[PDB]
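Q: Below is upload.txt; it holds compact mmCIF, C-alpha atoms.
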```txt
# COMPACT_ATOMS: atom_id res chain seq x y z
CA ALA A 1 63.69 63.64 99.82
CA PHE A 2 63.83 62.48 103.50
CA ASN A 3 60.93 64.47 105.10
CA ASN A 4 60.92 62.54 108.42
CA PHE A 5 64.40 60.98 109.06
CA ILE A 6 66.51 64.24 109.06
CA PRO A 7 66.75 65.51 112.70
CA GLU A 8 66.92 68.99 114.17
CA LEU A 9 69.44 69.69 116.96
CA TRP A 10 68.85 71.67 120.20
CA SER A 11 71.75 73.28 122.07
CA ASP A 12 71.77 72.07 125.72
CA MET A 13 72.88 75.58 126.90
CA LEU A 14 70.59 78.60 127.20
CA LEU A 15 72.07 81.91 126.01
CA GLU A 16 72.40 84.33 128.94
CA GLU A 17 71.17 87.92 128.68
CA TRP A 18 73.90 90.54 128.11
CA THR A 19 73.30 92.92 131.05
CA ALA A 20 74.77 96.26 132.13
CA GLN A 21 77.48 96.10 134.83
CA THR A 22 76.03 97.51 138.10
CA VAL A 23 78.34 100.09 139.79
CA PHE A 24 76.37 102.69 141.79
CA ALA A 25 75.80 100.71 145.03
CA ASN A 26 79.60 100.80 145.70
CA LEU A 27 80.06 104.54 144.87
CA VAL A 28 77.43 106.06 147.26
CA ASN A 29 77.62 106.28 151.09
CA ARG A 30 76.69 103.04 153.00
CA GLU A 31 77.34 104.23 156.60
CA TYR A 32 73.65 104.36 157.64
CA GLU A 33 73.22 100.55 157.19
CA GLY A 34 74.23 99.95 160.86
CA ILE A 35 71.53 102.27 162.26
CA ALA A 36 68.99 101.19 159.56
CA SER A 37 69.07 97.53 160.73
CA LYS A 38 65.57 98.42 162.23
CA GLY A 39 62.73 100.86 161.39
CA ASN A 40 61.65 102.35 158.03
CA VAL A 41 63.16 105.89 158.39
CA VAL A 42 66.49 107.49 159.31
CA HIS A 43 66.39 111.16 160.35
CA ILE A 44 69.60 112.96 159.33
CA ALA A 45 70.20 116.49 160.71
CA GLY A 46 72.71 119.27 159.89
CA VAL A 47 73.93 122.40 161.71
CA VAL A 48 72.74 125.87 160.76
CA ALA A 49 75.76 128.08 161.44
CA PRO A 50 75.34 131.20 163.68
CA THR A 51 75.42 134.51 161.73
CA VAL A 52 78.51 136.77 162.04
CA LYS A 53 77.31 140.18 163.31
CA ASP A 54 78.88 143.57 162.62
CA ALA B 1 118.79 85.26 59.36
CA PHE B 2 117.70 82.15 61.32
CA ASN B 3 113.89 82.48 60.80
CA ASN B 4 113.26 78.75 61.65
CA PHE B 5 115.97 77.42 64.03
CA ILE B 6 115.88 79.69 67.16
CA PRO B 7 113.59 78.21 69.89
CA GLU B 8 110.85 79.69 71.98
CA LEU B 9 110.88 78.22 75.50
CA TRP B 10 108.08 77.31 77.95
CA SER B 11 108.63 77.48 81.72
CA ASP B 12 107.75 74.04 83.19
CA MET B 13 106.01 75.70 86.20
CA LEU B 14 102.64 77.51 86.42
CA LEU B 15 102.30 80.82 88.27
CA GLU B 16 99.92 80.41 91.21
CA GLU B 17 97.09 82.93 91.61
CA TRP B 18 97.61 85.74 94.14
CA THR B 19 94.67 85.41 96.55
CA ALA B 20 93.27 87.20 99.58
CA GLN B 21 94.05 85.73 103.01
CA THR B 22 91.01 84.04 104.62
CA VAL B 23 90.42 85.16 108.26
CA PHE B 24 86.73 85.05 109.18
CA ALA B 25 86.41 81.25 109.74
CA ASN B 26 88.85 81.61 112.71
CA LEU B 27 87.22 84.78 114.18
CA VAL B 28 83.62 83.44 114.64
CA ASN B 29 82.20 80.91 117.14
CA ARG B 30 82.56 77.20 116.14
CA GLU B 31 81.00 75.37 119.14
CA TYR B 32 77.91 74.02 117.30
CA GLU B 33 80.01 71.76 114.98
CA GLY B 34 79.93 69.24 117.88
CA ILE B 35 76.14 68.70 117.68
CA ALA B 36 75.68 69.65 113.98
CA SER B 37 77.27 66.38 112.69
CA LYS B 38 73.61 65.48 111.72
CA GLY B 39 70.49 67.36 110.62
CA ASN B 40 70.00 70.75 108.91
CA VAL B 41 69.05 73.02 111.89
CA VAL B 42 70.47 73.90 115.28
CA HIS B 43 67.91 75.52 117.59
CA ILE B 44 69.58 77.92 120.06
CA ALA B 45 67.44 79.07 123.02
CA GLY B 46 67.96 82.07 125.39
CA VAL B 47 66.65 83.19 128.82
CA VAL B 48 63.83 85.72 129.19
CA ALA B 49 64.45 87.29 132.62
CA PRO B 50 61.88 87.26 135.50
CA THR B 51 60.30 90.75 135.96
CA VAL B 52 60.83 92.85 139.13
CA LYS B 53 57.50 93.67 140.91
CA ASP B 54 56.68 96.56 143.25
```
Could you write out this file's structure as structure tokens?

A:
Amino acid sequence: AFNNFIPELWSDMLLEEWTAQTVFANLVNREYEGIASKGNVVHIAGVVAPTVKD
Amino acid sequence: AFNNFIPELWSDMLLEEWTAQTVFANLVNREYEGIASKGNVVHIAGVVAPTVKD
């Protein structure tokens, strides 16, 4: 038969990866991004409540 | 009795076969019929993603 004159076709589009939808960066707290515009650490501190005495 | 003079009759119309409804040729992707008017292969390529580095 025709061993040389029958072509093969290439699709001009690549298939994209199917990738998981990213969600977590919108669910967690972002407030420290203003202060963290500089430096490589943020120190976050919390109260220790005074003890109720009898 | 009339053993020889009473007809038997043939209906002039064939019964059509009862056949399953075809569905799958409408449900799948058809886009490659545009390029596949020639040849015996379509090559379909896909991305391999760049790797994140530390």

Q: Just how far from atom CA of residue A:44 is atom CA of residue A:26, in Å to one decimal?

A: 20.8 Å

Q: If we count all atoms listed in the file, which residues of chain B reach to within 8 Å of chain A? Please list them as number ranges by chain.

A: B: 32, 35-36, 38-49

Q: Report the Cα RMSD between chain A and chain B after least-squares superposition, pairing every C-alpha atom in order.

A: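 The C-alpha RMSD comes out at 0.8 Å.
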
Q: Can you tell me how far atom CA of residue B:53 sits from atom CA of residue A:28, in Å to one decimal?

A: 24.3 Å

Q: Report, as JSON, the axis-aligned box around all atoms of stretch 1-14 of chain A present in the file, extended by 8 Å on each side; give centre and edge lengths in Å to one decimal place.

A:
```
{"center_x": 66.9, "center_y": 69.8, "center_z": 113.5, "size_x": 28.0, "size_y": 33.6, "size_z": 43.4}
```

Q: Keeping N, CA and C atoms (and nothing else), can you write stretch 25-37 of chain A of this structure as a PDB file, in the first residue's frame?

A:
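What follows is the written file selection_15.pdb:
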```pdb
ATOM      1  N   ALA A  25      -5.642  29.963  50.435  1.00  0.00           N
ATOM      2  CA  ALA A  25      -5.102  31.317  50.579  1.00  0.00           C
ATOM      3  C   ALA A  25      -6.161  32.414  50.780  1.00  0.00           C
ATOM      4  N   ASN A  26      -7.431  32.123  50.501  1.00  0.00           N
ATOM      5  CA  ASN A  26      -8.558  33.024  50.743  1.00  0.00           C
ATOM      6  C   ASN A  26      -9.329  32.719  52.037  1.00  0.00           C
ATOM      7  N   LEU A  27      -9.090  31.574  52.675  1.00  0.00           N
ATOM      8  CA  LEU A  27      -9.776  31.153  53.895  1.00  0.00           C
ATOM      9  C   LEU A  27      -9.040  31.568  55.170  1.00  0.00           C
ATOM     10  N   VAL A  28      -7.707  31.599  55.147  1.00  0.00           N
ATOM     11  CA  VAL A  28      -6.868  31.976  56.298  1.00  0.00           C
ATOM     12  C   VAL A  28      -6.701  33.490  56.433  1.00  0.00           C
ATOM     13  N   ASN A  29      -6.292  33.955  57.609  1.00  0.00           N
ATOM     14  CA  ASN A  29      -6.068  35.365  57.911  1.00  0.00           C
ATOM     15  C   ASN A  29      -4.915  35.979  57.094  1.00  0.00           C
ATOM     16  N   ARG A  30      -5.160  37.129  56.464  1.00  0.00           N
ATOM     17  CA  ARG A  30      -4.193  37.886  55.646  1.00  0.00           C
ATOM     18  C   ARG A  30      -3.751  39.200  56.292  1.00  0.00           C
ATOM     19  N   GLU A  31      -4.197  39.533  57.504  1.00  0.00           N
ATOM     20  CA  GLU A  31      -4.034  40.888  58.050  1.00  0.00           C
ATOM     21  C   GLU A  31      -2.578  41.311  58.234  1.00  0.00           C
ATOM     22  N   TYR A  32      -1.675  40.373  58.503  1.00  0.00           N
ATOM     23  CA  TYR A  32      -0.263  40.656  58.718  1.00  0.00           C
ATOM     24  C   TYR A  32       0.499  41.041  57.446  1.00  0.00           C
ATOM     25  N   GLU A  33      -0.106  41.033  56.259  1.00  0.00           N
ATOM     26  CA  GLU A  33       0.606  41.420  55.035  1.00  0.00           C
ATOM     27  C   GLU A  33       1.016  42.892  54.983  1.00  0.00           C
ATOM     28  N   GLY A  34       0.329  43.786  55.692  1.00  0.00           N
ATOM     29  CA  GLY A  34       0.706  45.193  55.781  1.00  0.00           C
ATOM     30  C   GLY A  34       2.013  45.374  56.549  1.00  0.00           C
ATOM     31  N   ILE A  35       2.084  44.822  57.758  1.00  0.00           N
ATOM     32  CA  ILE A  35       3.299  44.845  58.571  1.00  0.00           C
ATOM     33  C   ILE A  35       4.434  44.044  57.926  1.00  0.00           C
ATOM     34  N   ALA A  36       4.153  42.903  57.299  1.00  0.00           N
ATOM     35  CA  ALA A  36       5.161  42.043  56.681  1.00  0.00           C
ATOM     36  C   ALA A  36       5.612  42.475  55.279  1.00  0.00           C
ATOM     37  N   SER A  37       5.362  43.719  54.894  1.00  0.00           N
ATOM     38  CA  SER A  37       5.946  44.355  53.712  1.00  0.00           C
ATOM     39  C   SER A  37       7.481  44.493  53.764  1.00  0.00           C
TER      40      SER A  37
END
```
